[PDB]
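Input: a single structure, listed below in structure tokens.
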Amino acid sequence: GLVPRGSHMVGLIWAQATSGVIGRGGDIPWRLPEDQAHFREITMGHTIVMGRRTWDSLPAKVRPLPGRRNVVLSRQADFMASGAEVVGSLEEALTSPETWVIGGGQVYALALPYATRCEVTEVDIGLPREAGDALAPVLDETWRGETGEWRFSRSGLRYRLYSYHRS
Ligand SMILES: NC(=O)c1ccc[n+]([C@@H]2O[C@H](COP(=O)([O-])OP(=O)(O)OC[C@H]3O[C@@H](n4cnc5c(N)ncnc54)[C@H](OP(=O)(O)O)[C@@H]3O)[C@@H](O)[C@H]2O)c1
Ligand SMILES: CCc1nc(N)nc(N)c1OCCCOc1ccccc1CCC(=O)NS(=O)(=O)C(C)C
């Protein structure tokens with residue numbers, strides 16, 4: 001369904017291990033180049049919102065992510081995010097008709113109450129939760145959606161896509 005341009009659709013998009021781990025040591029603890037393709041089709045041409053630590057985790061070669069208005073949340077007024085914009089709270093981050101929150105753990109939790117879509121790649125990797133891990137947000141019972149089929153990446157890693165939505 002098309003988004004009426006006067007509304008404010010907020011989506012979250014992330015990839016997680018079975019356990020819910022999404023981040024560890026300032027990085028994503030797997031590599032799934034196939035997952036980048038879905039990430040691009042979902043986010044291209046819209047505003048993307050990320051926490052400062054996720055900005056730090058982006059490779060300099062793709063930073064800011066092209067074709068998208070990059071917004072970084074930080075409480076550091078002097079933060080340097082070249083080619084992006086830095087806002088100090090959530091309200092000014094979510095002003096676009098369509099916004100995709102692209103991480104990390106803190107900012108997913110912050111934005112979830114306002115979101116009506118989650119695009120979730122589940123990676124079949126057994127990484128138990130560890131102290132300091134960044135984690136996927138917990139979805140309450142208002143969400144619903146579709147579970148995709150498992151597929152192998154070129155590397156042999158198995159993954160599948162969940163598309164969740166709510167009113
Ligand atoms: N698997 C995935 O799909 C995926 C996607 C993205 C990221 N990641 C990984 O997730 C990890 C990063 O997640 P994280 O939870 O540690 O950090 P994060 O959510 O990316 O960023 C946290 C930072 O955002 C700022 N912030 C948080 N709440 C704010 C608020 N209400 N107002 C203003 N600023 C706020 C603060 O920046 P300041 O400290 O500068 O004040 C805070 O330190 C990394 O490991 C990353 O590689 C994984
Ligand atoms: C792709 C990981 C990911 N997957 C999902 N499903 N949701 C996320 N929020 C997520 O993290 C998005 C932020 C982390 O992004 C990373 C991390 C490592 C290497 C490169 C990057 C840039 C991403 C990139 O290359 N994007 S792209 O549009 O293909 C164009 C910039 C090449």
Once you place label points 7 Å from the Cα toward the Cβ at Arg40 and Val3, how far apart are they in nm?
2.0 nm
Neighbour-count ranking [beta-carbon atoms within 10 angstrom, fewest first] of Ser82, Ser163:
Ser82, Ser163
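Test of understanding: express the Cα radius of gyration of region 12-106 as a ratio to 2.2 N^0.38 Å, with N the residue count.
In units of the globular-protein estimate, region 12-106 measures up at 1.05.
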Run through region 75-127 and list the GluC sites (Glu not before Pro) located in a DSSP loop whose Cβ has at most 14 other Cβ atoms within 10 Å.
none
If you rank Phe152, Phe39 by fewest surrounding Cβ atoms within 10 Å, what's the result?
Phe152, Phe39
Tell me, how many Å apart are the Cα centres for region 4-33 and for region 70-101?
17 Å
If each residue of separation counts as 0.36 nm, what is the full-extension length gain between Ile125 and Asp56 once their alpha-carbon separation is subtracted?
22.4 nm
Inter-site label distance for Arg24 and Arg63 at 7 Å from Cα along Cβ, in nm:
2.2 nm
Under the Kirkwood approximation applied to all pairs of distinct alpha-carbon atoms, what is the hydrodynamic radius of the chain in Å?
16.4 Å
Can you give the Kirkwood hydrodynamic radius of region 97-159 from its Cα pairs, in Å with one decimal?
14.0 Å
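Coordinate-derived values only; no laboratory data. Neighbour counts are summed over all protein chains in view; Cβ atoms, including those assigned to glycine, are modelled from backbone coordinates with ideal geometry.
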